[PDB]
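Student: the data below comprise the sequence and an experimental structure of the protein.
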Amino acid sequence: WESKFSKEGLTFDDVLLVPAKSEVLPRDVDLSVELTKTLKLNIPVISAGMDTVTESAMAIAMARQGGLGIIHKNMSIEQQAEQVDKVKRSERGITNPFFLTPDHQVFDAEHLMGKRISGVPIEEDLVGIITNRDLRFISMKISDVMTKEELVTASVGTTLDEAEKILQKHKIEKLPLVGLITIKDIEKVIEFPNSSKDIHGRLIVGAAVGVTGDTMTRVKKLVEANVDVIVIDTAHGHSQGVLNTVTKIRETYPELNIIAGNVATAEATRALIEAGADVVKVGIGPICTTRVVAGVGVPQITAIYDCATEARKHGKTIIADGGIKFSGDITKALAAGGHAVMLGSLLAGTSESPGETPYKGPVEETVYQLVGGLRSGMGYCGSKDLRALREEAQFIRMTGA
Amino acid sequence: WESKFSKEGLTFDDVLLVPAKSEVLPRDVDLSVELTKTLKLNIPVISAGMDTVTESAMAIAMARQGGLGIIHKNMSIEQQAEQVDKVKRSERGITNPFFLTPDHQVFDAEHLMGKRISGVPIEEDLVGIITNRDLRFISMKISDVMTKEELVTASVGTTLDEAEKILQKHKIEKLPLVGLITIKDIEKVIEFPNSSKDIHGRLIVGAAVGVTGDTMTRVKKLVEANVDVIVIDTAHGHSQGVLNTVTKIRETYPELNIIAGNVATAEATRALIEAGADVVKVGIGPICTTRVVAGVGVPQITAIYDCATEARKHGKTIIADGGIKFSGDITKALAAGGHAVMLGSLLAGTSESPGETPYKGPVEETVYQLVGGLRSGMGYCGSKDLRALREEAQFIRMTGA
Amino acid sequence: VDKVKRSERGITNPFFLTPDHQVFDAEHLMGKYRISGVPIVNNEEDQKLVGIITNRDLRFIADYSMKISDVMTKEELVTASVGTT
Ligand SMILES: Nc1ncnc2c1ncn2[C@@H]1O[C@H](COP(=O)(O)OP(=O)(O)OP(=O)(O)OP(=O)(O)OC[C@H]2O[C@@H](n3cnc4c(N)ncnc43)[C@H](O)[C@@H]2O)[C@@H](O)[C@H]1O
Ligand SMILES: Nc1ncnc2c1ncn2[C@@H]1O[C@H](COP(=O)(O)OP(=O)(O)OP(=O)(O)OP(=O)(O)OC[C@H]2O[C@@H](n3cnc4c(N)ncnc43)[C@H](O)[C@@H]2O)[C@@H](O)[C@H]1O
Ligand SMILES: Nc1ncnc2c1ncn2[C@@H]1O[C@H](COP(=O)(O)OP(=O)(O)OP(=O)(O)OP(=O)(O)OC[C@H]2O[C@@H](n3cnc4c(N)ncnc43)[C@H](O)[C@@H]2O)[C@@H](O)[C@H]1O
Ligand SMILES: [Mg+2]
Ligand SMILES: [Mg+2]
Ligand SMILES: [Mg+2]
């Protein structure tokens, strides 16, 4: 009753980071973060498990840049496991390509192309190939007037080196495997050297789990899809139902990476860790609904710091899921103690975001500017890597002016 | 980790100056400031080394009023040394005047005039003189119908007194030196009694230096141009590259005045002083970019006070480069401990500012109103001179209301 | 007036090159005149068509100065006679 109003809380706009001596330039800063022994990122950015942010396209783009994507749970157990599998199997350089027959018309091909592939190999038991440049000399007509005689095909097992070469020789960008190896397929295997991967070189991916009756079956299929981390995502993780679900999943899958639902106090962070969570996601009402509707909330900087302080007593990790609005907030969120930040609204309108509906272009645009601001902030702070920003950077408290 | 959020920070709008007993009127206040033993100002105002603020025109106007101009570095090493030399050679009362020949047309003269001179003496191996009033009785025609017979010329070495007299006798305002001595040239040698000058009576000037590969060559030519102070200007002076550049310049030119790049902590101020800087420029994110992009910043009043406290332990000087928006902020910035303020945005649109592009008129308009407010503030504080404002004026902390 | 009278000249004088030149040479021509193709002749005198080089050909090469002869299209080279519609 007497300590009812003792606590104080700071948000992003209450603090600024203080410059310190710096021996490193913003570009030479290390942005890698080790969430668990088996979940390492090269940039500390995670796309949220929301149906407006992250499906397989976003998760692949996020992982390609060194981050992580969380497949949302607003889909059936079967679809979500397919989304996870689609990310894990990517960057292999195509066993199931799109196909047509000589009976179809070019109108079928163009629409299959528009829905962004540029080549369609030509029933149940290879005759040709039709591409975009073939469409320039055509007038939907019929697809049998395709590239039928001059067909360059490879064997199944042909190496990428045994390509980028057959292709350069025949000046062709597609190579069917009588499968498919393209030339974008070969070059995207080099364009992303910072790609976050598991120990077998596959792109990492995460999947969202709630606390319902079928989440044990959902986790089962996601684990069977080689998901790298399960995000038990709830509005209040300090509930007993979340704690029990965390423990039941830990005891069933002892080595599975687990991220647990939004909390904002050290006490809740300890409960989630003791239940078996590897990573604690932080953010309770970071004029959002929770504050207006329920009167509940914690200023995010205070939440990050209090939860980070508790989590690193146990050697565990914090994810800052909340009100990041500029690149400078990422620098504050991590310097306050967070190991990685989660984004949703910032990435919701990008090209790799779900649906076609505000358009924001490729998500690489946004992540580049956000990471660029982080690098600039770590330069001012002299932050060698992310632990130095976390453990040593100092803040200055500001009046609102 | 525990002192991560301990520090507090004050900006201009958080404080007000408290009136004290006053024995001096605002007009009898001394505004002189001694930045170094060889860099003294009569007003504590410095125009910033920005390509939108300070070139030779601004530096001459600033020095004429008792201040200082910093030639920006967005030009070649040769141009910048020429800009410095153009300020150092001014107020001599013209060895290289504009010239034409009897073959040219009056259209050539008017355009040479418009680009603000009023007289053009009339090849490689004096025949006439053409002026603005001659143009009233002309119709671009040809320049040979000029003032050719009634030519009043003086010898090289004729004293100003040996003028203001030849001119008053022949009722003419131009006197060629078969060079040029005008009448504005003679009268501007008296109009500016507060002009800040070196020990040889030349207008002081400063030049901007970064930390690149050729800055040692840049400093070499600027020193060869008799620059009074070098401003090593960077976004983060607490970097090791800045410290090394400060030391290398100090060891090469031991008596050269050095102002060092933006810092906002006592620790950085000590580093810059120990590296060899004479004056430390203060201002890191004083909703600017640094705060939004990097999350870094220090409220300027706290920055000035902390850096001034450290600098005067070593007997050195602080320049307040930041968010001054009214004349009252100059009074706060100096009372917080700064020895002089740097301005950029306020002077960017003035007549003496670079280019023709918001127009703000002569820069003497702005500096007069800004200094007028400072004088008024020192009157309220009873500040005899600038040290009394710095060392004795008290502030009151205000809620935002 | 002369510029309009000479607009539709029908190109009788085609801009060509030889296998001796480097691939840079070809990019120069394409980039200078907004042209997408250079026919390659055996010599400056006996202008005899040996090959043609184009941008889609340039795409298949990392920047290189290799002889255009190992780069150009020669095996399935398609021409037409003067006077074809
Ligand atoms: N069926 C499918 N199933 C699954 N995923 C698929 C897919 N098709 C594409 N994808 C995916 O789509 C991604 C996007 O890459 P692409 O769509 O391949 O994009 P690109 O490499 O830039 O091709 P571009 O658009 O330049 O081709 P163009 O017609 O100009 O130039 C192509 C030229 O190649 C020629 N060509 C192709 N095969 C030929 C052959 N056998 N013989 C002769 N010419 C051939 C054509 O005639 C034409 O001139 C791929 O990475 C892949 O993952
Ligand atoms: N060539 C040059 N090179 C470098 N810097 C230059 C320059 N010319 C000017 N400047 C600079 O420009 C600055 C501006 O000063 P000015 O341009 O001289 O401005 P001012 O003194 O106010 O002259 P005003 O505009 O009133 O002259 P007006 O024609 O009415 O009245 C002038 C009268 O003088 C008479 N006059 C001049 N010389 C005469 C002569 N030899 N014999 C007879 N009449 C003569 C004319 O006929 C006319 O009636 C100078 O301070 C100087 O630094
Ligand atoms: N030397 C010259 N002198 C004067 N004016 C000139 C000129 N060259 C061009 N012009 C003028 O410039 C314009 C010609 O260029 P544009 O007509 O404007 O260009 P485009 O064909 O639209 O280019 P694109 O990029 O699609 O073609 P690609 O590389 O795929 O190229 C076609 C594809 O087919 C292949 N190909 C082309 N010809 C071939 C042939 N004979 N045999 C085999 N393959 C051939 C190529 O390898 C490539 O894959 C016209 O105004 C023309 O009059
Ligand atoms: Mg294409
Ligand atoms: Mg006049
Ligand atoms: Mg083409």
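Tutor: Everything's here; your move. Residues are numbered from 1 along each chain as shown, chains lettered A, B, ... in the order given. Ligands and ions are numbered 1, 2, ... in the order given.
Student: middle-most residue in chain C, spatially?
Tutor: By CA atoms, centre = their mean, chain C has its centre lying nearest to residue C:38, at 1.0 Å.
Student: mind checking the SS state of that one?
Tutor: Using DSSP: H, G, I helix; E, B strand; the rest coil, the secondary structure recorded for residue C:38 is strand.
Student: how much space between it and residue A:94?
Tutor: Separation of residue C:38 from residue A:94 (CB to CB, to the nearest Å): 36 Å. In this view, the C-beta of every residue, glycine as well, is placed from N, C-alpha and C.
Student: likewise residue A:107?
Tutor: 23 Å.
Student: repeat that for residue A:224.
Tutor: 23 Å.
Student: the helices in chain C, which residues?
Tutor: C:2-5, C:23-33, C:55-59 (DSSP state H).
Student: chain B is nearest to which of the ones you listed?
Tutor: Of all those, it is helix C:23-33 that lies closest to chain B, at 30.1 Å by CB to the nearest CB.
Student: which parts of the closest one are buried?
Tutor: For helix C:23-33, a neighbour-count test (16 or more other CB atoms under 10 Å in any protein chain shown) marks C:23, C:26, C:29-30 as buried.
Student: repeat for stretch A:253-264
Tutor: For stretch A:253-264, the neighbour count (16+ other CB under 10 Å) marks A:256-264 as buried.
Student: reformat these as JSON lines; add distance to ligand 2 and secondary structure.
Tutor: Output for the buried residues of stretch A:253-264, formatted as JSON lines (distance: CB to the nearest ligand atom, whole Å; DSSP: H, G, I helix; E, B strand; the rest coil):
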{"residue": "A:256", "distance to ligand 2": "82", "secondary structure": "coil"}
{"residue": "A:257", "distance to ligand 2": "77", "secondary structure": "strand"}
{"residue": "A:258", "distance to ligand 2": "79", "secondary structure": "strand"}
{"residue": "A:259", "distance to ligand 2": "74", "secondary structure": "strand"}
{"residue": "A:260", "distance to ligand 2": "77", "secondary structure": "strand"}
{"residue": "A:261", "distance to ligand 2": "76", "secondary structure": "strand"}
{"residue": "A:262", "distance to ligand 2": "72", "secondary structure": "strand"}
{"residue": "A:263", "distance to ligand 2": "74", "secondary structure": "strand"}
{"residue": "A:264", "distance to ligand 2": "70", "secondary structure": "coil"}
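Student: quick one: which of those is nearest to ligand 1?
Tutor: Ligand 1 has its nearest neighbour among the buried residues of stretch A:253-264 in residue A:257, at 28.6 Å by CB to the nearest ligand atom.
Student: thought the closest one was touching residue A:276?
Tutor: No. Taking contacts as CB atoms under 8 Å, residue A:257 lies outside contact range of residue A:276: 11.1 Å.
Student: who touches both of these two?
Tutor: Common contact partners of residue A:257 and residue A:276 (CB atoms under 8 Å, 6 or more residues apart in numbering or on different chains): none.
Student: not counting sequence-adjacent ones, nearest residue to the residue of the stretch 201-350 of chain A found nearest ligand 3?
Tutor: Residue nearest to ligand 3 within the stretch 201-350 of chain A: residue A:350 (30.5 Å; CB to the nearest ligand atom). In space, and not counting its chain neighbours, residue A:350 is closest to residue A:363: 3.8 Å by CB to CB, 6 or more residues apart in numbering or on different chains.
Student: ok, that neighbour to residue A:47 distance?
Tutor: To residue A:47, residue A:363 is 8 Å away according to CB to CB.
Student: residue A:148 too?
Tutor: Distance of residue A:148 to residue A:47, computed by CB to CB: 43 Å.
Student: count the residues that sit near the nearest residue to residue A:339 once chain neighbours are set aside.
Tutor: Spatially, and ignoring its direct neighbours in sequence, residue A:339 is nearest to residue A:317 (4.6 Å; CB to CB, 6+ apart). Per other CB atoms under 10 Å in any protein chain shown, the neighbour tally for residue A:317 reads 23.
Student: for residue A:317, list each beta-bridge partner.
Tutor: Residue A:317 forms beta bridges with residue A:279, as assigned by DSSP bridges.
Student: ok, now how distant is it from residue A:133?
Tutor: In this view, residue A:317 and residue A:133 are 49 Å apart by CB to CB.
Student: what sits up against the helix or strand hosting residue A:57?
Tutor: Here residue A:57 sits within helix A:56-64, counting by DSSP states H and E. Contacts of helix A:56-64 with the rest of the structure, by CB under 8 Å, 6+ apart, involve A:45-47, A:54, A:68-71, A:83, A:86-87, A:90-91, A:188, A:191-192, A:195-197, A:203-206, A:347, A:350, A:352-354, A:362-364, A:367.
Student: quick check: next helix or strand after that helix?
Tutor: Heading C-terminal from helix A:56-64 (DSSP H and E), you reach strand A:68-71.
Student: and stretch A:84-95, does that touch ligand 1?
Tutor: Yes. Residues of stretch A:84-95 contacting ligand 1 under CB under 6 Å from any ligand atom: residue A:94.
Student: contacting residues for the closest residue to residue A:65 other than its chain neighbours?
Tutor: Spatially, and ignoring its direct neighbours in sequence, residue A:65 is nearest to residue A:367 (5.5 Å; CB to CB, 6+ apart). By CB under 8 Å, 6+ apart, the residues touching residue A:367 are A:43, A:45, A:62, A:65, A:67.
Student: looking at residue A:224 and residue A:94, which is more packed in?
Tutor: Shown here are residue A:224 and residue A:94; by other CB under 10 Å, residue A:94 has more neighbours (15 against 11).
Student: secondary structure element for the residue of the stretch 201-350 of chain A closest to ligand 3, which one?
Tutor: Secondary structure (DSSP H and E) places residue A:350 outside all helices and strands.
Student: for it, give me its contacts.
Tutor: By CB under 8 Å, 6+ apart, the residues touching residue A:350 are A:58, A:360-363, A:365-366.
Student: and it, how far from residue A:267?
Tutor: On the measure of CB to CB, residue A:350 and residue A:267 end up 37 Å apart.
Student: where do the helices sit along chain A?
Tutor: Going by DSSP H, chain A shows helices at A:56-64, A:77-88, A:106-114, A:132-136, A:166-170, A:184-187, A:215-224, A:240-252, A:266-275, A:289, A:300-313, A:327-335, A:363-381, A:386-392.
Student: most tightly packed of those helices?
Tutor: Highest mean neighbour count of these: helix A:327-335, a mean of 28 (counted as mean count of other CB atoms under 10 Å in any protein chain shown).
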